[PDB]
Amino acid sequence: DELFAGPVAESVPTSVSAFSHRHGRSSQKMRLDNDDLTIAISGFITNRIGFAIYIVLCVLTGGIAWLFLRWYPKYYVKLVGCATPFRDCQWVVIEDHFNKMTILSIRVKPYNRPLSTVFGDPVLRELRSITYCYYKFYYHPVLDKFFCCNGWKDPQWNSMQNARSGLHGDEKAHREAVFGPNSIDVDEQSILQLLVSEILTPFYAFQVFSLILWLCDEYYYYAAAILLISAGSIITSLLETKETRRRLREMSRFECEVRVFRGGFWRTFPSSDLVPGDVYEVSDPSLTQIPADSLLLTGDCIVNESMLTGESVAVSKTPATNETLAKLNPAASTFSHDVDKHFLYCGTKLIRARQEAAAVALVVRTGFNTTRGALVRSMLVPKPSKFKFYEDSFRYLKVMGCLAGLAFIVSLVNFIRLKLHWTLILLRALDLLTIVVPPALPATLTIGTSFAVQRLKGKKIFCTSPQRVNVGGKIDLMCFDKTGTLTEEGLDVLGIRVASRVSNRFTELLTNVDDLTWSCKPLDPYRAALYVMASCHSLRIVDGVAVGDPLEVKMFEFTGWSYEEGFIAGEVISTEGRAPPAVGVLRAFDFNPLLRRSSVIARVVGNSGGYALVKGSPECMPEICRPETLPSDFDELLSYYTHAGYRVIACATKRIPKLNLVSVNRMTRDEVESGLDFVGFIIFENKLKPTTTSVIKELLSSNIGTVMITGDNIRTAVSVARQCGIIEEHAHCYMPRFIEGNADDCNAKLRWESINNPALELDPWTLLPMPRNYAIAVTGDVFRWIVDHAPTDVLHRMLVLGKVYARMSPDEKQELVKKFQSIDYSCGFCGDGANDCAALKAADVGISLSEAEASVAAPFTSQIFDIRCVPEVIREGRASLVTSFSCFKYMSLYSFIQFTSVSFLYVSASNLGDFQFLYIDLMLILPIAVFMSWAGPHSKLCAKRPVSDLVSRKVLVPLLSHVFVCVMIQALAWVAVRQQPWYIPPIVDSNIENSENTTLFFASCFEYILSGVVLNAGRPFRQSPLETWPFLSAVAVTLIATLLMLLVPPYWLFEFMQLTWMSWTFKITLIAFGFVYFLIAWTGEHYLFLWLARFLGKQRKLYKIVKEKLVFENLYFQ
Ligand code: BEF
Ligand SMILES: [Mg+2]
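Those letters in the sequence shown? Residues 1 to 1118, per this note's numbering, in order.
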């Protein structure tokens, strides 16, 4: 019924943000309607022990019990809580279906108003409300059970005469008390461990254990220095994260002035004020967005729901009648088409409204019960607690299993030779137990992620979860939306295909504006088409930019003319000079949806003859046209320009002569609606963003797959994916459609038909074509049927072969994202709208293009509104992955040499040096560790992926082999000095003045200071280590400091260090061992160590198996 004749807006916005798999007194059980949880609400009170003994239990234990028990709450409830009915209690516990306990309290507010204004008796003062994850559960006093929510919002507007009256008096105060403020104000993060737990790496749980081994004043300075640097790193990282989150929240805040009609008067109010029933105003300007989802009462409007739906077309809404209001209920997640036809939705950008007359609208839902609010609230409900720390939760297991062998080796001997039993457990506890992971590791990982976050925030992308920056290196496919993400949210003019009179056919697409200077007859078709483009629009100009129907705005911006005020004075042609005359608009008729056309009567300055210009939809012009001028290719071109996905309008003209021209045009519409001659077509399409095609081409050419998960028509989605590079050219799409009638039954059959051919693939069992590459484009309902009724192999083959997914509700988007992650395929998601919030937290790396919407808990948010941010957040992620492993391969190796630096000292019954270890860990490890992890990516997203496994040979074999080649050279130095006769090695036999200790400390010092350059994996996926300032300067200055310690030691360091005299010849040989270790490690790690790891070496990823299976099956021609 709209102007265009193509794909039409059909997807209503839904609040469902969780996929439900189809299957073919006190302590109640209840299920949230929006997202499936089936929670249990149990109300307890505080017993006669309560927290009175819990407080002193926490005090006398040192506070460890409180920290341990807050993570495991289920017996805290048993210890403290006492079982009472929750009619009169003050403590509640919330249980999910995955057994997670949450503790809340009940607030009580005197109300003193009847039950009809809260539910649906007069004496009601209890208002027991619990806000569990922004779900407001209230207590029904007549019953004894908590209700689901306040989603159903007391409908009392049926009379249709009090609907426009509005609320007055103190009723608004009580409504505000019940339903809360309209703003979706999330709970801001608390600095008391609420945000710190996100940045608290579990390795820090070992760190305090080290303090237990260091609170005995054994290393008085070392523990304080490590605590200082770790606390500083943690504080800066959490402060940066909190500032970024608060900044994103401060542009996430929305408030707009609205003319709320209350008490019979129009008052200007902030947007975060409306409560259900306050009837508000639309028609006045500066209302760029709908404050709360509402119901129309007077006047039509056109709004753009490109964020609550994927629909690019601006949906037009009409006033609701009395029957319309008597059908809806606010508790419905998805509204019917009749209700949605007369309905405004919260957050949608308002495009046009009609001009004391107004476009007054009655708000029905506020707060988190709005569709935007419901999607935002259901985004924040689930939590992947132990998801990403598990990948490091097994490395220390194999590290302690490896060092258990060394501990057994060194304890096989000293247990009987020179050490007793009571003393021997403390040298192992103080030294070996604390260096299972070095204390500098969790303070260097946080510094590395902070450097990555700052490098990203340089290029206009903010990170809200700094722990997610290293996950981006694991991405092998990115999932994209369409409207706002890839293409712009509105329709745009593609070109003009006029109909030539001489050839009786169309001419060419004519993308550029050559309509002005191309003639190719009483009237030229090009001039008439241009006059339709620049004259037929009923646009009210305001501030130079046109406002109104988006099609009219886009054609008026495409022609580039200057429309004057809306009367007998018309527009003027552009005075650039590139003999076309100017034309003025006499009278315009309203666009009648019943007639599906709009007409204007214009008058040109030059010829001074009347013109009638009518544009409407095709397949309605041919029944009101003059058929002699219509081209024979009308239906063929219509099929080509509609079945592809574009939307076209058909314009036509006719000439009113001078004698038929009347100054007072009291002449009816139907006179100029017959006998017109046709001129051509105007095509509307979703223009891609100018950089989207290049980014998709680079991402696809760099071994990263791309799919598209939109929410609009499948034909437009296929056309956009074809012209952006997701589907490679001349590859047939294949749409599944249900046959044999059944569409919601388990025994239905799907025909996978080609989108523009009678050919089809084999039935769902094997997705192969009949007797070359192809792509699969699945709509929404068919995917919902497949995911719960089709076999597992069919679902896997579709997910592997699929590249376009359209008409997808947000719950289906989340289900498809999870089904990618059901197999071991790691997918990110490039969403922007409120549709995307379900599929943004569930994905690993969820980049949010919209700054305000869908960025409340998305791990990334781009300031630039295009796909150019997707490369950096991938490649820097890779630069934040291998570098992290370049710390993991470096720090743990640091542990093992330390054990050798202890173990050989147990040959001479010494342990270590008090000051040499302090110099090693602070003055040489930290300037290597935190400055090795400071370098940006290569700025070229390579096809090969980093080794992202802590189980594979490519990490363990180089690590253990570097450790062994370090032990061999340290043992060579030890045997050398032991048999070196110029200076006898004094075994004094706590003992710190050993010459063996000094000559082994210097060798291990060279080991630590040369192992950082070799292990710095900078060349493939980062900047090369040839960059002198970031990393080479630090290693150079600490190498010069070490050489000053060795070659020319001053007397002052003799007061510090316990060094003894050394010969020049031995010093030279020591330098030779250091340089041969560097040469061996550098030629090994790059050429031989990975060679040995590969030659030393099942459980392959599911996606790869499906790729090989499909490709191989296709080689045999079935
Ligand atoms: F269509 Be989506 F919200 F980008
Ligand atoms: Mg969108």
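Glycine included, C-beta positions come from ideal geometry on N, C-alpha and C.
Proximity test, residue i beta-carbon vs ligand 4 heavy atom, cut-off 7 Å
i           : result
residue 835 : You won't find ligand 4 in this model; what it holds is ligand 1 and ligand 2.
Nearest candidate by alpha-carbon position, reference residue i, set the options
i            : options              : result
residue 687  : 717, 658, 660, 679   : 717
residue 1046 : 390, 1071, 1024, 645 : 1071
residue 16   : 36, 899, 23          : 36
residue 781  : 763, 765, 761, 806   : 806
residue 531  : 657, 679, 132, 976   : 679
residue 590  : 599, 788, 813, 60    : 599
residue 124  : 135, 134, 142, 130   : 142
residue 613  : 432, 587, 605, 975   : 587
residue 866  : 73, 58, 489, 356     : 489
residue 460  : 244, 78, 334         : 244
residue 706  : 644, 482, 318        : 482
residue 841  : 11, 18, 7            : 18
residue 889  : 507, 695, 961        : 961
residue 651  : 573, 86, 676, 522    : 676
residue 272  : 363, 741, 89         : 363
residue 345  : 1056, 366, 426, 290  : 290
residue 1085 : 318, 959, 381        : 959
residue 953  : 1097, 824, 846       : 1097
Contact belief for residue i with residue j at Cβ below 8 Å, rounded distance in angstroms
i            : j            : result
residue 308  : residue 858  : Going by Cβ atoms, the distance from residue 308 to residue 858 rounds to 17 Å, so no, they are not a contact pair.
residue 268  : residue 257  : 5 Å
residue 102  : residue 248  : With a Cβ gap of about 25 Å, residue 102 and residue 248 do not count as contacting.
residue 3    : residue 551  : 6 Å
residue 1012 : residue 1080 : The Cβ separation is near 16 Å, so there is no contact.
residue 656  : residue 606  : So it is not a contact: roughly 15 Å between Cβ atoms.
residue 627  : residue 504  : That belief does not hold up - the Cβ atoms of residue 627 and residue 504 are roughly 11 Å apart, past 8 Å.
Where the beta strand (DSSP E) containing residue i begins and where it ends
i            : result
residue 563  : Where residue 563 is concerned, there is no enclosing beta strand (DSSP E), given that its DSSP letter is neither H nor E.
residue 304  : 301-304
residue 1193 : Only positions 1 to 1118 of the chain appear in the structure, and residue 1193 is not among them; the question remains open.
residue 131  : 129-132
residue 1119 : Given that the chain is displayed from residue 1 to residue 1118, the structure contains no residue 1119 and the question cannot be resolved.
Spatial distance of residue i from residue j (CA atoms)
i            : j            : result
residue 918  : residue 1077 : 24 Å
residue 231  : residue 458  : 25 Å
residue 371  : residue 305  : 12 Å
residue 743  : residue 311  : 24 Å
residue 560  : residue 804  : 35 Å
residue 361  : residue 548  : 19 Å
residue 850  : residue 251  : 11 Å
residue 294  : residue 200  : 44 Å
residue 674  : residue 618  : 15 Å
residue 994  : residue 987  : 7 Å
residue 817  : residue 827  : 7 Å
residue 540  : residue 766  : 57 Å
residue 1009 : residue 945  : 29 Å
First through last residue of the alpha helix (DSSP H) which encompasses residue i
i            : result
residue 60   : 50-60
residue 718  : 714-724
residue 871  : 869-879
residue 442  : 441-458
residue 75   : 74-80
residue 772  : Run containing residue 772: none; DSSP gives neither H nor E here.
residue 289  : It is not in any alpha helix (DSSP H) - residue 289 carries neither H nor E in the DSSP assignment.
residue 1033 : 1033-1046
Test: residue i CB closer than 8 Å to a CB of chain E
i           : result
residue 647 : Absent from the structure: chain E. Only one protein chain is present.
Three or more C-beta pairs under 8 Å: does that hold for the region 1081-1095 against the region 1020-1038? no
Count the CB pairs spanning the region 1099-1108 and the region 795-808 that are closer than 8 Å, and state whether there are at least three. yes
For the region 1001-1017 and the region 927-945, state whether three or more C-beta atom pairs, one from each stretch, are separated by less than 8 Å. yes
Any contact between the region 171-187 and the region 402-422? By contact I mean 3 or more CB pairs, one from each, below 8 Å. no
Stretch pair the region 775-795 + the region 727-736: three plus CB contacts closer than 8 Å: yes
Any contact of the region 863-881 with the region 892-906, i.e. 3+ C-beta pairs under 8 Å? no
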